[PDB]
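K.L.:
This structure is in structure tokens; I'll ask about it shortly.
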Amino acid sequence: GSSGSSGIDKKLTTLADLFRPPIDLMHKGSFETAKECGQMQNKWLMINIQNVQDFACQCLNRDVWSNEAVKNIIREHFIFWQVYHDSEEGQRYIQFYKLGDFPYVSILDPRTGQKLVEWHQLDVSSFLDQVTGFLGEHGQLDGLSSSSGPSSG
């Protein structure tokens with residue numbers, strides 16, 4: 001390793017209001033960042049692919065995603081990142097794991113980038129069980145500790 005070029009760039013929005021949806025959940029339309037953040041934030045990376053046809057998604061988006069808990073978790077615990085196949089990001093992602101069916105949900109590591117788990121069909125009960133089990137079994141990334149939320153009881 002002769003030399004290592006570094007280029008950090010900060011990105012955020014000052015102006016905000018109801019007129020606009022809760023971007024906090026919807027991550028940027030970038031792949032690099034998704035994995036990147038995982039490091040700094042030290043959180044898991046959750047990928048979500050949805051074919052142009054929302055016929056299959058509409059099903060999950062009903063209770064699966066609709067679940068405020070699932071969104072709050074996938075946004076907090078993991079990094080909410082979804083992209084259509086038609087788009088470029090989606091096209092590539094396919095070759096990555098040689099995707100073919102849909103929907104397609106999996107948990108990748110923002111540190112190593114190696115598929116740890118793979119699930120074809122998710123559910124309100126299943127999704128949670130699996131996720132929760134992984135969070136408690138493995139645990140959030142390692143690094144700096146940050147106290148979130150006050151103490152009760």
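Following the order of the structure tokens, first chain is A, next is B, and so on, with residues numbered from 1 inside each chain and ligands from 1 in the order they appear.
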Please, which residues of stretch 43-146 of chain A, numbered as in this document, come out helix (DSSP H, G or I) from DSSP, as a ChimeraX atom specification?
P.N.:
/A:57-63,68-76,88-97,124-137
K.L.:
Of the residues A:118, A:17, A:9, A:129, which is the one nearest to residue A:46, using only C-alpha atoms?
P.N.:
A:118
K.L.:
What does the distance between atom CA of residue A:73 and atom CA of residue A:98 come to in Å, to one decimal place?
P.N.:
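Between atom CA of residue A:73 and atom CA of residue A:98 the gap is 27.1 Å.
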K.L.:
Can you tell me, as a VMD selection string, what residues are no more than 12 Å from residue A:55 when counting only C-alpha atoms, ignoring any on the same chain fewer than 5 positions away?
P.N.:
chain A and resid 50 60 to 62 102 to 103
K.L.:
Would you write out, as a tab-separated table, a table of all residues in stretch 94-130 of chain A that have an atom no more than 8 Å from an atom of stretch 38-45 of chain A, listing for each the closest atom pair and the distance in Å to one decimal, considering only C-alpha atoms and ordering rows by chain and rising residue number?
P.N.:
residue	atom	partner	partner_atom	distance
A:107	CA	A:45	CA	6.0
A:108	CA	A:45	CA	5.4
A:109	CA	A:45	CA	6.0
A:110	CA	A:38	CA	5.1
A:111	CA	A:39	CA	6.2
K.L.:
When you count only C-alpha atoms, which of these residues is closest to residue A:67: A:36, A:127, A:146, A:5?
P.N.:
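Smallest separation from residue A:67 among the options: A:127.
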K.L.:
From the set A:28, A:68, A:86, A:132, which residue has the shortest atom-to-atom contact distance to residue A:53, counting only C-alpha atoms?
P.N.:
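Ranked by minimum distance to residue A:53, first place goes to A:86.
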K.L.:
Find the residues near residue A:87: any atom within 12 Å, counting only C-alpha atoms, skip ones fewer than 6 places away on the same chain, and give them as a PDB file with N, CA, C and O atoms, in the first residue's frame.
P.N.:
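File produced: selection_20.pdb:
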ATOM      1  N   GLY A  29     -30.568   7.735  -3.195  1.00  0.00           N
ATOM      2  CA  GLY A  29     -30.531   6.805  -4.308  1.00  0.00           C
ATOM      3  C   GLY A  29     -29.116   6.415  -4.690  1.00  0.00           C
ATOM      4  O   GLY A  29     -28.749   6.458  -5.864  1.00  0.00           O
ATOM      5  N   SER A  30     -28.319   6.035  -3.697  1.00  0.00           N
ATOM      6  CA  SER A  30     -26.935   5.643  -3.934  1.00  0.00           C
ATOM      7  C   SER A  30     -26.626   4.309  -3.260  1.00  0.00           C
ATOM      8  O   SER A  30     -27.177   3.990  -2.207  1.00  0.00           O
ATOM      9  N   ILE A  49     -35.470  -5.198  -3.021  1.00  0.00           N
ATOM     10  CA  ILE A  49     -35.684  -5.066  -4.457  1.00  0.00           C
ATOM     11  C   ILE A  49     -37.151  -5.276  -4.815  1.00  0.00           C
ATOM     12  O   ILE A  49     -37.814  -6.156  -4.265  1.00  0.00           O
ATOM     13  N   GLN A  50     -37.651  -4.464  -5.741  1.00  0.00           N
ATOM     14  CA  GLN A  50     -39.041  -4.562  -6.172  1.00  0.00           C
ATOM     15  C   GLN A  50     -39.161  -4.328  -7.675  1.00  0.00           C
ATOM     16  O   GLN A  50     -38.847  -3.247  -8.171  1.00  0.00           O
ATOM     17  N   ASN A  51     -39.617  -5.349  -8.393  1.00  0.00           N
ATOM     18  CA  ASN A  51     -39.778  -5.255  -9.840  1.00  0.00           C
ATOM     19  C   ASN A  51     -40.768  -4.153 -10.206  1.00  0.00           C
ATOM     20  O   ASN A  51     -41.675  -3.838  -9.435  1.00  0.00           O
ATOM     21  N   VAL A  52     -40.587  -3.570 -11.387  1.00  0.00           N
ATOM     22  CA  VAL A  52     -41.465  -2.505 -11.857  1.00  0.00           C
ATOM     23  C   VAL A  52     -42.907  -2.753 -11.431  1.00  0.00           C
ATOM     24  O   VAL A  52     -43.611  -1.831 -11.022  1.00  0.00           O
ATOM     25  N   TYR A  93     -27.196  -4.907  -8.981  1.00  0.00           N
ATOM     26  CA  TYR A  93     -27.483  -5.696  -7.789  1.00  0.00           C
ATOM     27  C   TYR A  93     -27.808  -7.140  -8.158  1.00  0.00           C
ATOM     28  O   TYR A  93     -27.398  -8.075  -7.470  1.00  0.00           O
ATOM     29  N   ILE A  94     -28.547  -7.314  -9.248  1.00  0.00           N
ATOM     30  CA  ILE A  94     -28.927  -8.643  -9.710  1.00  0.00           C
ATOM     31  C   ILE A  94     -27.701  -9.530  -9.900  1.00  0.00           C
ATOM     32  O   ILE A  94     -27.559 -10.559  -9.240  1.00  0.00           O
TER      33      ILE A  94
END
K.L.:
Restricting the calculation to only C-alpha atoms, which member of A:65, A:31, A:78, A:104 is positioned closest to residue A:135?
P.N.:
A:78
K.L.:
Using only C-alpha atoms, find the one residue out of A:3, A:82, A:91, A:151 that sits nearest to residue A:105.
P.N.:
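Distance minimum relative to residue A:105 lands on A:82.
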K.L.:
Do you have the atom CA of residue A:85-atom CA of residue A:99 distance handy?
P.N.:
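Computing it gives 10.1 Å between the two atoms.
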K.L.:
Please identify which residues in stretch 24-98 of chain A DSSP calls strand (DSSP E or B) from the backbone, and express them as a count of residues only.
P.N.:
14
